[PDB]
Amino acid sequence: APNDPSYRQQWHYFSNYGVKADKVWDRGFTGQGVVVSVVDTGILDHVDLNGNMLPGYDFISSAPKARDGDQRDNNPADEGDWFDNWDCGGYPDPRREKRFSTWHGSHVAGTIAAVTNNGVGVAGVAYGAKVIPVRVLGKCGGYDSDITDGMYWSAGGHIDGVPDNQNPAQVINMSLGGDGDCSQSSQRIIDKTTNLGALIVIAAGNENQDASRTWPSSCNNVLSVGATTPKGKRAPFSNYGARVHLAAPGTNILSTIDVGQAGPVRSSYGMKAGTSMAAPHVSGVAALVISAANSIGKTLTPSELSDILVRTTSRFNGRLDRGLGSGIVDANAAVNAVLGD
């Protein structure tokens, strides 16, 4: 087992209804040579992240929302997405008044590739991989064009005014979205991105509704991930239905955070719930599978990779209350599909 002192708490990696990540590590695959993009709130300066991060980019076009004094820039630092005093609108509704910072991008990035076997904090699913932090979300969320520009750039797509990505990603994690359908424009950019050879893994959403009512789940050519609990049941908030392809642990997920309620204060570790968390488990397992395929000189298309992940899932705990794809992502079974027994 990894020596990270909080690994023992990461049930979602090795326990019942977890992703069996440990069995693949045992086999010698950790996502070596794979680049994974995290399209999210950005990245923290964190001892359990730094070593596994490659250069990213800050696509937030609004300086005030980015909280860094400029528009788009080459520093995807998460400055905090908190707000107070109805800064994001909605006055006088008390429920719209304030939120603490999420450190969402960092929690997600830690699930994919937290520095492992370093005697500190936690482990990551694909800890031999590297992450490019693609910052698209700041105060009050994110702009449509910033998110998709970031996604496209992640795969090696050229964006005017931005230096070209020298670390194109084979897996793009998008733990974001909201209510909506997929426009022909939004579908066009998704298609451009995935047909470069990158798998787009997305969170199904947290509205306890059919995922077809949400973006990017309403889009084609993405891998939509629902959230399961330690009981191997559907997390009550998880979106569901035919547009969800598989599930992964999405409650009680321990990963890398900051303690700061507003700006960064101090690196730490914390539990979070959401389909946003489930998604990085799948992204991590995708990286594991790619590292296994690389070892035998086998090329996998995103279509082939997604097929492997979906067809090799482990069973839910009995029948669920809604459709949530084929089962829970199983790294051991996924790698078995590429290398054999």
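One-based numbering along the sequence shown.
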*May I ask you to compare 157 to 165 and 124 to 132 by their mean CA B factor in the entry and name the higher one?*
157 to 165
*asked:* Comparing average C-alpha B factors as deposited, tell me which of 46 to 54 and 290 to 298 sits higher.
replied: 290 to 298
*Would you mind finding, among 268, 209, 229, 74, the residue with the largest C-alpha temperature factor in the entry?*
209
*At the C-alpha atoms, which of 280, 64, 274, 31 reaches the highest B-factor in this entry?*
64
*Mind checking which third residue 325 falls in for C-alpha B-factor across the chain?*
lowest
*Would you mind checking where the Cα B-factor of residue 201 ranks among the modelled residues of its chain, as the lowest, middle or highest third?*
middle
*Could you say whether, by C-alpha temperature factor, residue 139 belongs to the lowest, middle or highest third of its chain?*
highest
*By its CA B factor, does residue 260 count among the lowest, middle or highest third of the modelled residues in the chain?*
middle
_Can you tell me whether residue 107 has a C-alpha B-factor in the lowest, middle or highest third compared with the other modelled residues of the same chain?_
lowest
